[PDB]
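*Asks:* Next up is a structure, given as structure tokens.
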Amino acid sequence: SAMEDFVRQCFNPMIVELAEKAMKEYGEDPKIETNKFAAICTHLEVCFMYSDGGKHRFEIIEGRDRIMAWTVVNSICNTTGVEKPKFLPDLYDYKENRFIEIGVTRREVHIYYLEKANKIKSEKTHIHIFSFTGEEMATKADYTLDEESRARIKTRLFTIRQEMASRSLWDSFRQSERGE
Ligand SMILES: NC(=O)c1[nH]c(Br)cc(=O)c1O
Ligand SMILES: [Mn+2]
Ligand SMILES: [Mn+2]
């Protein structure tokens, strides 16, 4: 339908393939769970732009299969002594030496921040929440990146929102929590 066409049009093939493998990991059909499909693509794209903004400052953990994700996490923990996370995070920051969980939400950033912080329940994993409204919220108000990079992420998310809006897809997507 329209959501599947949109996702194939605004995301590059690499992200779309990773998103479809996420959907088979979950057991869900991208033709049917189209909001979750789009949310997964959007979150992948943000994680990849975040680590590109970073001499490579960030290690990408999201988007790897689980074997390779835990391999990377364990290697980081073995060479830094940073405490192992209970859930797979999204990136590792080699400058601040901490794991990062990235959240992308259609709700208020502080609501989703509280939800993430309550879930992962580790003071050491840094949380950074982005909305589709240019808002952000991060552990200790430490936004990690400089203003330019955060601006580029915010711009991309708002653009995705407006592209769905032009296709009459935004109302469905925002009223859904699927993919968060
Ligand atoms: N499986 C994950 O790693 C994951 N899942 C959801 Br739902 C939202 C996230 O931000 C995230 O990193
Ligand atoms: Mn993740
Ligand atoms: Mn995340």
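In the structure tokens, chains take letters A, B, ... by order of appearance, with residues numbered from 1 within each chain and ligands from 1 in the order shown.
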Give me, as a tab-separated table, each residue of chain A that comes within 7 Å of ligand 2, together with its shortest interatomic pair and the distance in Å at one decimal, counting only C-alpha atoms and all ligand atoms, with rows ordered by chain and rising residue number.

*Replies:*
```
residue	atom	partner	partner_atom_place_in_ligand_line	distance
A:62	CA	ligand 2	1 (Mn)	5.0
A:88	CA	ligand 2	1 (Mn)	6.3
A:89	CA	ligand 2	1 (Mn)	5.3
A:90	CA	ligand 2	1 (Mn)	4.5
A:101	CA	ligand 2	1 (Mn)	6.7
```

*Asks:* Go ahead and save the residues from that selection, with N, CA, C and O atoms, as a PDB file, in the first residue's frame.

*Replies:*
```pdb
ATOM      1  N   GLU A  62      23.393  -1.081  16.606  1.00  0.00           N
ATOM      2  CA  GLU A  62      22.126  -1.306  15.922  1.00  0.00           C
ATOM      3  C   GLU A  62      22.360  -1.699  14.458  1.00  0.00           C
ATOM      4  O   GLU A  62      23.343  -1.296  13.820  1.00  0.00           O
ATOM      5  N   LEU A  88      20.855  -4.810  24.358  1.00  0.00           N
ATOM      6  CA  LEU A  88      21.717  -4.321  23.282  1.00  0.00           C
ATOM      7  C   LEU A  88      21.486  -2.830  23.076  1.00  0.00           C
ATOM      8  O   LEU A  88      20.348  -2.423  22.788  1.00  0.00           O
ATOM      9  N   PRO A  89      22.512  -1.988  23.208  1.00  0.00           N
ATOM     10  CA  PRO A  89      22.310  -0.549  22.990  1.00  0.00           C
ATOM     11  C   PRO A  89      22.431  -0.227  21.517  1.00  0.00           C
ATOM     12  O   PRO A  89      22.520  -1.145  20.699  1.00  0.00           O
ATOM     13  N   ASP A  90      22.437   1.055  21.146  1.00  0.00           N
ATOM     14  CA  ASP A  90      22.510   1.385  19.724  1.00  0.00           C
ATOM     15  C   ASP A  90      23.905   1.729  19.242  1.00  0.00           C
ATOM     16  O   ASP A  90      24.253   1.393  18.107  1.00  0.00           O
ATOM     17  N   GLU A 101      21.838   4.591  23.943  1.00  0.00           N
ATOM     18  CA  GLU A 101      20.532   4.184  23.450  1.00  0.00           C
ATOM     19  C   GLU A 101      19.878   5.381  22.757  1.00  0.00           C
ATOM     20  O   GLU A 101      19.705   6.441  23.371  1.00  0.00           O
TER      21      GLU A 101
END
```

*Asks:* Based on DSSP run over this structure's backbone, return all residues of chain A in helix (DSSP H, G or I), as JSON, numbers by chain.

*Replies:* {"A": [2, 3, 4, 5, 6, 7, 8, 9, 10, 13, 14, 15, 16, 17, 18, 19, 20, 21, 22, 23, 24, 25, 26, 34, 35, 36, 37, 38, 39, 40, 41, 42, 43, 44, 45, 46, 47, 48, 49, 50, 51, 52, 53, 66, 67, 68, 69, 70, 71, 72, 73, 74, 75, 76, 77, 78, 79, 80, 109, 110, 111, 112, 113, 114, 115, 116, 117, 118, 119, 120, 139, 140, 141, 147, 148, 149, 150, 151, 152, 153, 154, 155, 156, 157, 158, 159, 160, 161, 162, 163, 164, 165, 166, 170, 171, 172, 173, 174, 175]}

*Asks:* Once you count only C-alpha atoms and all ligand atoms, what closest atom pair and distance in Å to one decimal does each residue of chain A within 12 Å of ligand 3 have, with rows by chain and rising residue number, as a Markdown table?

*Replies:*
```
| residue | atom | partner | partner_atom_place_in_ligand_line | distance |
| --- | --- | --- | --- | --- |
| A:39 | CA | ligand 3 | 1 (Mn) | 10.8 |
| A:40 | CA | ligand 3 | 1 (Mn) | 9.5 |
| A:41 | CA | ligand 3 | 1 (Mn) | 11.6 |
| A:42 | CA | ligand 3 | 1 (Mn) | 10.5 |
| A:43 | CA | ligand 3 | 1 (Mn) | 6.8 |
| A:44 | CA | ligand 3 | 1 (Mn) | 8.4 |
| A:45 | CA | ligand 3 | 1 (Mn) | 11.0 |
| A:46 | CA | ligand 3 | 1 (Mn) | 9.2 |
| A:47 | CA | ligand 3 | 1 (Mn) | 7.8 |
| A:48 | CA | ligand 3 | 1 (Mn) | 11.4 |
| A:50 | CA | ligand 3 | 1 (Mn) | 11.6 |
| A:60 | CA | ligand 3 | 1 (Mn) | 11.4 |
| A:61 | CA | ligand 3 | 1 (Mn) | 10.0 |
| A:62 | CA | ligand 3 | 1 (Mn) | 7.6 |
| A:63 | CA | ligand 3 | 1 (Mn) | 10.4 |
| A:87 | CA | ligand 3 | 1 (Mn) | 10.4 |
| A:88 | CA | ligand 3 | 1 (Mn) | 9.0 |
| A:89 | CA | ligand 3 | 1 (Mn) | 6.8 |
| A:90 | CA | ligand 3 | 1 (Mn) | 5.6 |
| A:91 | CA | ligand 3 | 1 (Mn) | 8.9 |
| A:99 | CA | ligand 3 | 1 (Mn) | 11.3 |
| A:100 | CA | ligand 3 | 1 (Mn) | 8.4 |
| A:101 | CA | ligand 3 | 1 (Mn) | 5.1 |
| A:102 | CA | ligand 3 | 1 (Mn) | 4.0 |
| A:103 | CA | ligand 3 | 1 (Mn) | 4.6 |
| A:104 | CA | ligand 3 | 1 (Mn) | 7.2 |
| A:105 | CA | ligand 3 | 1 (Mn) | 10.0 |
| A:112 | CA | ligand 3 | 1 (Mn) | 11.1 |
| A:113 | CA | ligand 3 | 1 (Mn) | 11.2 |
| A:115 | CA | ligand 3 | 1 (Mn) | 11.9 |
| A:116 | CA | ligand 3 | 1 (Mn) | 8.9 |
| A:117 | CA | ligand 3 | 1 (Mn) | 11.7 |
| A:119 | CA | ligand 3 | 1 (Mn) | 11.8 |
| A:120 | CA | ligand 3 | 1 (Mn) | 11.0 |
| A:125 | CA | ligand 3 | 1 (Mn) | 11.6 |
| A:126 | CA | ligand 3 | 1 (Mn) | 11.1 |
| A:127 | CA | ligand 3 | 1 (Mn) | 8.8 |
| A:128 | CA | ligand 3 | 1 (Mn) | 8.8 |
| A:129 | CA | ligand 3 | 1 (Mn) | 8.7 |
| A:130 | CA | ligand 3 | 1 (Mn) | 10.3 |
| A:179 | CA | ligand 3 | 1 (Mn) | 9.8 |
| A:180 | CA | ligand 3 | 1 (Mn) | 8.3 |
```

*Asks:* Give me the residues within 8 Å of residue 106 in chain A as a list in words, counting only C-alpha atoms and dropping any in the same chain fewer than 4 places off.

*Replies:*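 So the residues in contact are residues 131, 132, 174, 175 and 177 of chain A.
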
*Asks:* Can you list, as a ChimeraX atom specification, every protein, DNA or RNA residue that comes within 10 Å of residue 4 in chain A when you count only C-alpha atoms, leaving out same-chain residues fewer than 6 positions away?

*Replies:* /A:30-35,37-38

*Asks:* Using only C-alpha atoms, which residues sit within 10 Å of residue 152 in chain A once same-chain residues fewer than 3 positions away are excluded, as an NGL selection string?

*Replies:* :A and (46 or 49-50 or 53 or 147-149 or 155-157)

*Asks:* Could you pull the residues within 12 Å of residue 25 in chain A, counting only C-alpha atoms, minus those fewer than 5 positions along the same chain, as number ranges by chain?

*Replies:* A: 18-20, 30, 63-66

*Asks:* Write out, as a CSV table (one decimal), in the first residue's frame, the residues just selected, with N, CA, C and O atoms.

*Replies:*
```csv
chain,number,residue,atom,x,y,z
A,18,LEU,N,17.8,-3.9,6.0
A,18,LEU,CA,17.9,-4.2,7.4
A,18,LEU,C,16.6,-4.2,8.1
A,18,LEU,O,16.3,-5.0,9.0
A,19,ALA,N,15.7,-3.3,7.7
A,19,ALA,CA,14.4,-3.1,8.4
A,19,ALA,C,13.5,-4.4,8.1
A,19,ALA,O,12.9,-4.9,9.0
A,20,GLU,N,13.6,-4.9,6.9
A,20,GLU,CA,12.9,-6.2,6.6
A,20,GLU,C,13.4,-7.4,7.4
A,20,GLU,O,12.7,-8.3,7.8
A,30,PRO,N,5.9,-6.6,6.8
A,30,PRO,CA,6.0,-5.2,6.5
A,30,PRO,C,4.9,-4.7,5.7
A,30,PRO,O,4.6,-3.4,5.7
A,63,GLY,N,21.4,-2.5,13.9
A,63,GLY,CA,21.6,-2.9,12.5
A,63,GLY,C,22.4,-4.2,12.3
A,63,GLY,O,22.4,-4.7,11.2
A,64,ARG,N,23.2,-4.6,13.3
A,64,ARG,CA,23.9,-5.8,13.2
A,64,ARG,C,23.0,-7.0,13.6
A,64,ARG,O,22.1,-6.8,14.5
A,65,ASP,N,23.2,-8.2,13.1
A,65,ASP,CA,22.5,-9.3,13.7
A,65,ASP,C,23.0,-9.5,15.1
A,65,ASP,O,24.1,-9.0,15.5
A,66,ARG,N,22.2,-10.3,15.9
A,66,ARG,CA,22.5,-10.3,17.4
A,66,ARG,C,23.8,-10.9,17.7
A,66,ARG,O,24.4,-10.5,18.7
```

*Asks:* Mind checking which residues fall within 10 Å of residue 82 in chain A, counting only C-alpha atoms, ignoring those fewer than 2 positions away in the same chain, and posting them as a list in words?

*Replies:*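 Once the adjacent positions are removed, what remains is residues 73, 74, 76, 77, 78, 79, 80, 84, 85, 97, 98, 99, 124 and 125 of chain A.
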
*Asks:* Considering only C-alpha atoms, state which residue in the set A:24, A:140, A:36, A:86 is at the smallest distance from residue 122 in chain A.

*Replies:* A:86
